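# A closer look at the structure
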Amino acid sequence: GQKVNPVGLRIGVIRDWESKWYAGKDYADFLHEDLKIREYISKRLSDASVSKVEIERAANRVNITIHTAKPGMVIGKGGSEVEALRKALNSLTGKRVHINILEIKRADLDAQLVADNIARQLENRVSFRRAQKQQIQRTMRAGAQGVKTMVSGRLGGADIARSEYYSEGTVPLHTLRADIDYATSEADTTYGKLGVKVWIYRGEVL
RNA sequence: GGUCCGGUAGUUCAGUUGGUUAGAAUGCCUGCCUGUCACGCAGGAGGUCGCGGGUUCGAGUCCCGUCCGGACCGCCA
RNA sequence: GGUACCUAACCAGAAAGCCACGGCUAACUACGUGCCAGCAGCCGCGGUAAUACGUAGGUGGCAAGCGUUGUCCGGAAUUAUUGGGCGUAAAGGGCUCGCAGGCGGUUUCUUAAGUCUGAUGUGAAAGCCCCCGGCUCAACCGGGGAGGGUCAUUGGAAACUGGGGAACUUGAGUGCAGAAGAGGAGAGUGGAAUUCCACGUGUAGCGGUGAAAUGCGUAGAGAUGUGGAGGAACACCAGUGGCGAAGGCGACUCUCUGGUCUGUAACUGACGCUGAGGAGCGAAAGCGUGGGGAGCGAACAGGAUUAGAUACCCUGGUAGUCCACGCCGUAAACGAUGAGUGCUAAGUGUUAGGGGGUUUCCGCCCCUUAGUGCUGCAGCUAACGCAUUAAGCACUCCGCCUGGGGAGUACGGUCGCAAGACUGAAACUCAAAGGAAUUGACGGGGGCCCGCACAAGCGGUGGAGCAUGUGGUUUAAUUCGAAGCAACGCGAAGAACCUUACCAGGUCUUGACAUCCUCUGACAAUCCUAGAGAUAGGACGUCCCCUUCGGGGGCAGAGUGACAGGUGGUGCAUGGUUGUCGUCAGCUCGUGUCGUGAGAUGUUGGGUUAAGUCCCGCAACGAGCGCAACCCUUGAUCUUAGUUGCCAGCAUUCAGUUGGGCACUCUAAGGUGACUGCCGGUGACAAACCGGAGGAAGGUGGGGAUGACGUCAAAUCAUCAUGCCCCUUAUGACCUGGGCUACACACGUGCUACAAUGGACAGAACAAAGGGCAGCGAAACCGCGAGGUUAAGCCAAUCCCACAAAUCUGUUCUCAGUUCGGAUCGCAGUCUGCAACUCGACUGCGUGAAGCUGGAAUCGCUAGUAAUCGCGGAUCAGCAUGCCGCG
């Protein structure tokens, strides 16, 4: 018996859906193509890294906003590449699309980016101890109020798995006023499967 | 070899006398109880009477023989 | 022996292996192996991811050697003099008296046995050690030294241990004056009881246990008043009091008798301590002889309890328990601590004294010995703890111990009449056995507190029928998963086909599905016989965008090898999810302290609440996750908004629809709101608790959401992926049919009843929250019905689903297996779907079953709850007694 997802609980009261469009009688296919474009862009931008992408609807014209500073580097050199990929989104959606790039300053306190960092450090053969203990203090001095991070799977001791987590700070999950951002990521290793769960207390909301 | 006993539920004993009814524990089965088992609590089936023959309206239970065992006797030179 | 050696010439050519690689201990990776094969000195390894098994590469150690075996010494402070211990780990003899033996107060002369030190004589050679010399270092071989006696003669010294002589008094005794005592042995004496007996009175039970029963009583019990008879122990005094060496010793008196302490200083002057063997005592049981026998009471009987009860319990009761004399010689004979001596902080009781200061009054205090307790320094201790009554600091003497079992057994002896006691092996076997403390768990342990946990109530479950799930059986298959709470109307929010995996049959192979390679260029669909896939072929019958035209882009088709497929296994390889204890109140860390260490503190103690909630102390001070709140929703109201709602006043109507208006409800946004806020009391004033008032709501108002660290190798390989295998002419795929619905039985969860607080018929009502565009579907007509016809409005506060039932009123029925119950049946239909036999639902007939309140047992429920009554909704063509939600 495990905990409820914190952002899962906080959606709609202190968090927006990250899909801000109304539909009716088109809800199913709008939703489906939303998942399709999410999957496509996440797959093909994983190397550049991106946390969260919102979708917006107007006159049957989809429009997007995409996060993280690295797609900032995709603006300049990939400015041709931005048009090249959004051509694919046009082809998929049928009707043409608009996009926007928003830069997440201070990436050390984005849950998904942190999770992807941990996943990469794990998959290129670095020890969970070094990776996790370094990342927690990185985020803390980046200026979070509290962090708890956790990894699970066959943690080196391949013959049996276990769980482990570090944390330092204040992190209330039961309070429905905090801004506990949450993410999780999956890391595939030779000796099994590794999963990551990281969340950070940014601050309350008023 | 003779005389006397008996032979019944799967096991042990009543009934076997009352010619006109087949019973009591144990066992076994189902359920409950217990985390499970064992106790324990509810319920339930069974033999149709060693074997064969005969009397009788009716034989388990009366009279015969056959098998089975058990008790007693088998002595005098 | 042409040997050693020297002189030349030829050649990297003839000449490296052994063991280990998890830790001890220096060296690691790949494959096979899968409690097998095997490894080993110990720990131990190996049950498909082995640095520990066998191989391979490399590394590591050593080298003409390297490993194993066997023997001895070290490590072993593990037989300890150097160099150990005996309170609880092994170990103080049960206690005492004492021969031999081991030890010996102070001073003073003397003797030199011990003692210390010279001289001499030897302690062979060769060895080890030192210094040199030589074999081309040395291995070795020499030369010179040194060491090597608990050694013989002799000399020197006298502090100490011995010997002798003379002192001395503190140690040890004697005498003198007191004091105390369950100290011992013998004789006698006395009081209350228990029992028995006789006697008076005396009716109906007495006795006994958790209930009971055996027993005793009308032959007169028990009870109660007398008088006897006896045998055992000595109530309060009585006190961690006293005595004794120990066992042990309590009524009184007497006879005999042991030891101790106090004060002395009159005496002897070291006469002392310890003590193997030896001797004597030595509780209770036990034995022998002779008495005695009240009560108690092994054995034994009877009655209970129990499945059994050879016991625990009850009623009896033999031996013993007692006395005299002998014997045994054991006890947890314990302070689990041998005896003696001296020294080392205190405080505090208490027993027997002595001295002194105020009195030679009492009783006030100060010293002082000897006991006998309790706290507590240093010190010791592994911890407990001991601590002038050492388990501290030291010296003598004795006894005892050296891993656990085997076993205090075996054998042989010495005792004993006997039971048995003392002495006391071994083989074999194990790597632990143990002491104290630490943290959890648990107890038929204690102290608190909580919860529909139990009580106190309601209605249920199993008894019947049926719906559904599960076990078993059954098949060709009855697809798999789930298995106490926490699986079993569960994955399944829907099985005629489809789903669907499974079974039978028929079929395919780069394969429906995905990317790559070459072509054909844009490729398909309709209809025909066999037909189920699919195939034979057909009738138009393979028909785009850009291209300086080369060719590209996408679209399909063909061939093509890489590949795709795994609802195939492994939840004990995992991720990611979920249940459970549990919405229980706990769970932790930072720093600091205490301990030596496991560890503790905070986190305990007072109350407090629901709470680790708060306050108050506290070697703790803080923090974090939990609790609370922040969130949703229902409860009172203010502002804004009045259409598709609402109609207060008006005209109108059957259509409060219209006209008009947001009055009212209602709708949905923003605030108000309840916050212990206020008053009294309780409580320290604190925290809080009780009672009031205001208040729509008073003490987290109600409900929901929220589920800490973690346990259950809890569930899921059916979303996901190393791992192996299945192959791609099969576990991968397409189609037809069957199944998951079977049915001799068992269980779980539910619906319907078993009737008159009812059935049937008629009338009258009141009303949520949701859904509705391959949708909702009005009205009217048709059918007595399930429904059909033609269809208005509604993308919905407008239209529809949609006439909520229970209920109230009235008529009949008159207690029955009934007008209850409606099961199961044959007939005839409706709907959907290509399709209703396996295998739908609904309806009209006919039928009408069991059942008349359900054993033993067992469940939910603290007021809008349970109990009933309906109404929607996900699943979706049809399929709801299930589930979710609403009133």
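Listed as the method for this PDB entry is cryo-EM; the listed resolution is 3.4 Å.

### What about the side chain of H67?
Within the secondary structure, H67 sits in the loop between β2 (61–66) and α3 (70–76). Looking at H67, the relative accessible area reads 7%, which means it is buried. A polar contact of 2.5 Å, which involves the side chain of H67, links it to the backbone oxygen of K52. Beyond its immediate chain neighbours, meaning those up to four positions away, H67 contacts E18, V50, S51, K52, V53, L102 and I104.

### Notes on the protein's contact with RNA strand C
In the neighbourhood of RNA strand C, 27 residues make up the surrounding shell, with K3, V4, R154, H174 and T175 lying closest. Each atom of RNA strand C within 4 Å of the protein belongs either to a base or to sugar and phosphate, the latter forming 73%. Take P172: an N or O atom from its main chain is 3.2 Å from a phosphate oxygen of RNA strand C. In this structure, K193 approaches RNA strand C through a side-chain N or O atom, which is 2.8 Å from a sugar or linking oxygen. Those elements that provide at least two residues to the surface near RNA strand C are β3 (146–153), β4 (162–169) and β6 (192–201). In terms of residue count, β6 provides more of the surface near RNA strand C than any other element does, 3 residues in total. Of the residues in the surface near RNA strand C, the class split is 11 nonpolar, 10 polar and 6 charged.

### Here's the deal with a nonpolar patch on the surface
The grouping of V4, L9 and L176 at the surface amounts to a nonpolar patch, some 270 Å² of accessible area in total. Its place among the elements puts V4 in the segment before α1 (6–10). The exposed category is assigned to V4, whose relative accessible area is 57%.

### A look at unusual backbone geometry
Trans is the prevailing form of peptide bonds, just as negative phi is the prevailing case for residues other than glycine. For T68, which is not a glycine, the phi torsion comes out positive at approximately 85°. Of note, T68 is situated in the loop between β2 and α3. Overall, the relative accessible area of 4% leaves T68 in the buried class. The phi dihedral of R125 falls on the positive side, at around 75°, and the residue is not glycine. One can find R125 in the loop between α5 (111–123) and α6 (128–142).

Quick notes on the rules
Residues numbered from 1 in each chain as written, not as in the entry; some residues may be left out. Chains lettered and ligands numbered in written order. Part of a larger assembly, values for the part shown. Heavy atoms only, no water. Helix = DSSP H or I, 4+ residues; strand = E, 2+ residues; numbered from the N terminus. Buried < 20%, exposed > 50% of the residue type's maximum accessible area, 1.4 Å probe, protein only. Polar contact = N/O pair within 3.5 Å; in protein donor to acceptor, adjacent residues only side chain to side chain. Contact = heavy atoms within 4.5 Å. Near = heavy atom within 4 Å. Nonpolar A, V, L, I, M, F, W, Y, C, P; charged D, E, K, R; others polar. Patch = residues over 30% accessible without salt bridge, like charges linked within 9 Å, V, L, I, M, F, W, Y side chains within 5 Å. Areas by Shrake-Rupley, 256 points an atom, 1.4 Å probe, with all protein chains shown as cover. Salt bridge = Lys/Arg side-chain N within 4 Å of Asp/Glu carboxyl O.

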